[PDB]
Amino acid sequence: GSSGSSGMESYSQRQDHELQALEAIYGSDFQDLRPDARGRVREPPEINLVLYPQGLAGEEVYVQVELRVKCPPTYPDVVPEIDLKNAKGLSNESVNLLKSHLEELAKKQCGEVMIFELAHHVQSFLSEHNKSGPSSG
């Protein structure tokens, strides 16, 4: 089996598919950063995702980092890059750990879109690295 029409999408389509879904999910924890215009060369879909330790919510919080991602021009056929900027709590300390963890999780997730998993895994990790903090909300 496995025969059918020429499904002929492109990597930037598969990519921007995830982007549109992120704009719903987050709204403004998301920013796209693209220099893209209609009628231009393709370039990396650079985005920013603010991510936090679950529970405390959009409130005081302790640790956080922004997730910066560009994608290669072939993602998800290969793994994306991952960079963790403007960290709080983590003085570029366990940032290294999580970045390295994500840099492996990406290989496991390779074959389809992984950004949504990566963002979940960060919010696990941050909540892990977070200690003390009541709940309210």
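Method of determination for the deposited model, per the PDB record: solution NMR.

J.: Can you break down the pairing of strand β2 (residues 47-51) residue by residue, with the values?
T.: In terms of burial, β2 is largely enclosed, as five of its five residues are buried. Burial of β2 is two-sided: the residues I47, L49 and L51 facing one way and the residues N48 and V50 facing the other way are all buried. The pairing of strand β1 (residues 30-32) with β2 spans three bridges and is antiparallel. Within β2, the position partnered with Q31 by the bridge is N48. The sheet contact formed by β2 and strand β3 (residues 64-69) spans five bridges and is antiparallel. For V50, the partnering residue across the bridge sits in β3 and is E66.

J.: I'd like a description of the layout of surface pockets, backed by residues and values.
T.: By volume, the largest pocket amounts to about 170 Å³. Taken together, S12, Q15, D16, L19, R34, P35, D36, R42, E43, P44 and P45 make up the full set of residues lining the largest pocket. Tallied by class, the residues present in the lining of the largest pocket amount to four nonpolar, two polar and five charged.

J.: Would you mind going over the nonpolar core in detail, with residue names and values included?
T.: Grouped burial of nonpolar side chains is what soluble globular proteins tend to show. Counting 28 residues, the largest nonpolar core has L49, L51 and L102 as its most contacted members. Beyond its immediate chain neighbours, meaning those up to four positions away, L49 contacts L22, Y26, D29, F30, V65, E66, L67 and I115.

J.: Please provide a residue-by-residue account of empty space enclosed by the protein, values included.
T.: In the structure shown here, the tally under the stated rule is one cavity of 30 Å³ or more. In this model, the largest cavity occupies a volume close to 30 Å³. Among the secondary structure elements, those contributing two or more residues to the lining of the largest cavity are β3 and α3 (115-129). Of the residues assigned to the lining of the largest cavity, the class counts are five nonpolar, no polar and no charged.

J.: Break down the pattern of salt bridges for me, with residues and values.
T.: Overall, the coordinates contain five salt bridges when judged by the stated rule. For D32, the salt bridge is made with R34, and the minimal N-O distance between the two is 2.8 Å. Judged by relative accessible area, which is 25%, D32 ranks as partly exposed. Residue class for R34 comes out partly exposed when judged on its relative accessible area of 30%. A single network of salt bridges, built from pairs that share partners, joins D16, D32 and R34.

J.: An account of the packing of helix α2 (residues 94-109) against α3 is requested, with residue identities and associated values reported.
T.: At their nearest, the axes of α2 and α3 sit 10 Å apart, and the two run at 150° to each other. Taken together, α2 and α3 sit at an angle that is classed as roughly antiparallel. Two packed elements cross with a definite hand, and for α2 against α3 that hand is right-handed. Contacts between α2 and α3 involve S94, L97, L98, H101, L102, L105 and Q109 from the former and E117, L118, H121, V122, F125 and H129 from the latter. Considered class by class, the residues forming the contact of α2 with α3 number seven nonpolar, five polar and one charged.

J.: Please provide a residue-by-residue account of the sheet that holds β2, values included.
T.: In space, the four strands of this open sheet follow the order β1-β2-β3-β4, with antiparallel pairing throughout. Because the sheet does not close on itself, it has two edges, and the strands there are β1 and β4 (83-88). Averaged over all pairs of adjacent strands, the angle between strand axes in this sheet comes to 20°, irrespective of strand direction.

Cut-offs applied
- Residues numbered from 1 in each chain as written, not as in the entry; some residues may be left out.
- Heavy atoms only, no water.
- Buried < 20%, exposed > 50% of the residue type's maximum accessible area, 1.4 Å probe, protein only.
- Helix = DSSP H or I, 4+ residues; strand = E, 2+ residues; numbered from the N terminus.
- Pairing = 2+ DSSP bridges.
- 1 Å grid on protein atoms, 1.4 Å probe; cavity = no way out; pocket = protein on both sides within 12 Å on 5 of 7 lines; lining within 4 Å.
- Points joined across faces, edges and corners; volume = space filled by probe spheres on them.
- Nonpolar A, V, L, I, M, F, W, Y, C, P; charged D, E, K, R; others polar.
- Core = buried A, V, L, I, M, F, W, Y, C linked by side-chain atoms within 4.5 Å.
- Contact = heavy atoms within 4.5 Å.
- Salt bridge = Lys/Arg side-chain N within 4 Å of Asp/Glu carboxyl O.
- Axes fitted to C-alpha atoms, helices over the stretch in contact; angles between N-to-C directions.
- Parallel < 35°, antiparallel > 145°, perpendicular 65-115°, else oblique.
- Left-handed = near helix turned anticlockwise from the far one by under 90°.

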